Structures are given as C-alpha cells and as structure tokens.
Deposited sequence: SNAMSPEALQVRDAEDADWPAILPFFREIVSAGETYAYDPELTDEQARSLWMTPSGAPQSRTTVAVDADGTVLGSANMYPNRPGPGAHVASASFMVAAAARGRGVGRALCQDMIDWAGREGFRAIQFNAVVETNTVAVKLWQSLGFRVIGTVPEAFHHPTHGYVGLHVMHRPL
C-alpha cells in the first residue's frame, strides 16, 4: 500500500536485496546500458554511496522492511557541472505497478532540492521504456533531445536514447 511504502536511506545490509535487481536489468537489456560482467562488488561500488560529494542511495521498503526498489543520486558532472544532479532507479519486477518508481523519484527530487541543486538530468532514457518516460514527464522532466539508434533493444532493434531534464 502507499501507507506501508517508505523511501529511506539505504543501509549496507540492504545491498544483497538490491543486487538481484541489477542483475535482472542487465539480463533483460531493455532499460540501461551496463557492462554485463561486473562483479557483485563492482556493482555495489557503482550503486551504494560511500560517505564523503552530494550523493545518496535509497531503498523503497514495504511494512515488513522488504526492499522493493532502490535509487541512487549524485552530481551529474563534477566541478563546474556539479549543480546538476542525476539519478538511477531500479524497481523489483514483482513490485511494478505499486508506485515504487514514483516514490523513489519524488524522494530524489525532494533531496536534490534541499541539497541545493539547480536541475536534474537523466543522460540516457531508452525511448521504448515508455513507462519510465511517462512517469518522469509526470514528475516534471522533459525530453531535451534524443540520440537516434543509440541503444540495441532485444525486440525493437536500434532505438533512441532521450536526454531528459527538470529544473529545480
């Protein structure tokens, strides 16, 4: 339920529940471009946020504490680009249609605002991932442009990658 769902900072102990989401996403090959052969520990380094720039990892949990999804958020570029945040999202297949993506992204937008960022950018949103596209649009993001044929989809062939942006 919406009432049972919480987005909170990820704890180190949540990583084993997040890892299979990552593996599902690489296997499906429909939403994000990753190296297919990362170690568990390489994936953890990319996803979990170590203490010490303006970065965070969250989990969405149900009322039993079961992890349903996760987000991480960080400056999109360093130095003179660091005022623009970005983020990535993973939702458990079993948890789709429960508003988990929306909750994670809204929480991320609230975080970016309070942390002083001026905007949020998603560098590559697969154009066939229309659930994500439409969800991000509903949360204020727009397509800046689309790089054509930039992603090989297993069913739809070479498809575009949107760059999406939201001011804060």
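Asks: Numbering from 1, run down the deposited sequence and write out every stretch that has no C-alpha in the structure.
Replies: Several regions go unmodelled: 1-4, 57.
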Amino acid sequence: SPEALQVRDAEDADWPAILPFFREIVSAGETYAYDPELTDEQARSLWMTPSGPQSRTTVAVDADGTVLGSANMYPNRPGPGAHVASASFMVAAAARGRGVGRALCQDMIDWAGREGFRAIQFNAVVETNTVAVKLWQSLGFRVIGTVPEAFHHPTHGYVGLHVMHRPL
From here on, numbers count along this sequence of modelled residues.
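Asks: For the higher mean C-alpha B factor in the entry, choose 135-143 or 28-36.
Replies: Higher mean C-alpha B-factor in the PDB entry: 28-36.
Asks: Using only the Cα atoms and their B-factors as the entry lists them, report which of 114-122 and 59-67 averages higher.
Replies: Mean C-alpha B-factor is greater for 59-67.
Asks: Going by the recorded CA B-factors, say which third of the chain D12 sits in, lowest, middle or highest.
Replies: CA B-factor rank for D12: highest third.
Asks: Considering only modelled residues of the same chain, in which third does the CA B-factor of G79 rank: lowest, middle or highest?
Replies: For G79, whose C-alpha B-factor we compare with every modelled residue in the chain, the answer is the highest third.
Asks: Considering only modelled residues of the same chain, in which third does the CA B-factor of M48 rank: lowest, middle or highest?
Replies: Middle third by C-alpha B-factor.
Asks: Please place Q106 in the lowest, middle or highest third of its chain by C-alpha B factor as given in the entry.
Replies: For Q106, the deposited C-alpha B-factor lands in the lowest third.
Asks: Lowest, middle or highest third of the chain for the C-alpha temperature factor of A4?
Replies: CA B-factor rank for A4: highest third.
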